[PDB]
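K.L.:
The data below comprise the sequence and an experimental structure of the protein.
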Amino acid sequence: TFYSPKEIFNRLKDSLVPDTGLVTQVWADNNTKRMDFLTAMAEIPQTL
Amino acid sequence: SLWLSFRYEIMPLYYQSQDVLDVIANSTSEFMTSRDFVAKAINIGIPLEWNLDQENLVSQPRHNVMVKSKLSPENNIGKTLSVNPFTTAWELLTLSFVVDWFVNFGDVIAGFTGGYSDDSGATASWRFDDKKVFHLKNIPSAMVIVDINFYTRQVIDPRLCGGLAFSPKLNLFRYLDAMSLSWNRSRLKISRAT
């Protein structure tokens, strides 16, 4: 015996959960380069 | 000759103001993204009475999380600043029209900071490709084969997740916007009085 593919895929989508660790990692990677760019912008306000 | 002379008076500060400030503002926003993936294992517990050798329907898809950041320009001001040619007919431009152009320019320049931060979004995806073949307990000749293969994409849900970032809104409204707001005295002395 085995379960039907329909219910198997149902359990699969129920089991579909975004990777919190990956989300944290990628957010850190994004913020890294984000503040890298923001660093260059530092003197624009003084010119303004 | 006197309109000629006043045009000549105003022409250098024109270069300082409309050109230099524009090219300064041009260094904003950038298409950046960060990428990652995982082969995470997803299992479904199955009792051994279900005629299996195994007990968990384990799946290891390619789950990847995509975050893209174009960051922030200036709320699409554009043509309001891309209106440079107004200095071509100084022989007839009047005081008031040029002055009001400059005032609106000084206005939109100050509104840069508040209208700056825009940020970007993110998403995620899975790519299931799994073919688990299960023996039968005490019966190697009996089998189950379950094959699963698909790729599925999801947003990063910017409500719960999708924030949790640098948020470049901060560090800039703490900046000039309130102190460079002092420019109002400049427009005061500008306004043909004081």
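P.N.:
Here it is on my side, so go on. Numbering: from 1, shown residues only, chains lettered A, B, ... in the order given.
K.L.:
where does the spatially most central residue of chain A fall, helix, sheet strand or coil?
P.N.:
Central residue check for chain A by CA atoms, centre = their mean: the C-alpha nearest the mean position is that of residue A:23, 3.5 Å away. Following DSSP: H, G, I helix; E, B strand; the rest coil, we place residue A:23 in the helix state.
K.L.:
Chain A: strands as residue ranges?
P.N.:
Per DSSP state E, chain A carries no strands over any range.
K.L.:
picking up where we left off before, wait, the residue nearest to the centre of chain A touches residue B:163, no?
P.N.:
No. Using CB atoms under 8 Å, residue A:23 is not in contact with residue B:163, being 10.9 Å away. Backbone N, C-alpha and C define where each C-beta goes, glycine included.
K.L.:
ok, back up a step: so who does the residue nearest to the centre of chain A touch?
P.N.:
By CB atoms under 8 Å, 6 or more residues apart in numbering or on different chains, the contact list for residue A:23 reads B:65, B:124, B:156, B:161, B:164.
K.L.:
Recalculate using a threshold of 10 Å.
P.N.:
B:36, B:65, B:67, B:122, B:124, B:156-157, B:161-162, B:164 (CB atoms under 10 Å, 6 or more residues apart in numbering or on different chains).
K.L.:
What's the local residue count around residue 38?
P.N.:
Picked chain A for this. 16 (other CB atoms under 10 Å in any protein chain shown).
K.L.:
To clarify, I was referring to chain B.
P.N.:
The local packing of residue B:38 (other CB under 10 Å) involves 16 other residues.
K.L.:
For residue B:146, see how far away it is.
P.N.:
Distance, residue B:38 to residue B:146, by CB to CB, to the nearest Å: 21 Å.
K.L.:
can you give me how far the helix or strand encompassing residue B:142 is from the chain middle?
P.N.:
Here residue B:142, judged by DSSP states H and E, is contained in strand B:139-155. How far strand B:139-155 lies from its chain's middle: 39 Å, per CA atoms, centre = their mean, to the nearest Å.
K.L.:
Is it positioned near chain A?
P.N.:
Yes. Using CB under 10 Å from any CB of the partner chain, strand B:139-155 reaches chain A at B:143-148, B:150, B:152, B:154-155.
K.L.:
Quick one: buried ones out of those?
P.N.:
Those of these that meet the buried threshold are B:144, B:148, by 16 or more other CB atoms under 10 Å in any protein chain shown.
K.L.:
Near residue B:59, how many other residues are there?
P.N.:
Count around residue B:59 with other CB under 10 Å applied: 22.
K.L.:
beta partners for it?
P.N.:
As for beta bridges, residue B:59 partners with residue B:42 under DSSP bridges.
K.L.:
okay but it is in contact with residue A:12, surely?
P.N.:
Yes. Between residue B:59 and residue A:12 there is a contact under CB atoms under 10 Å: 6.7 Å.
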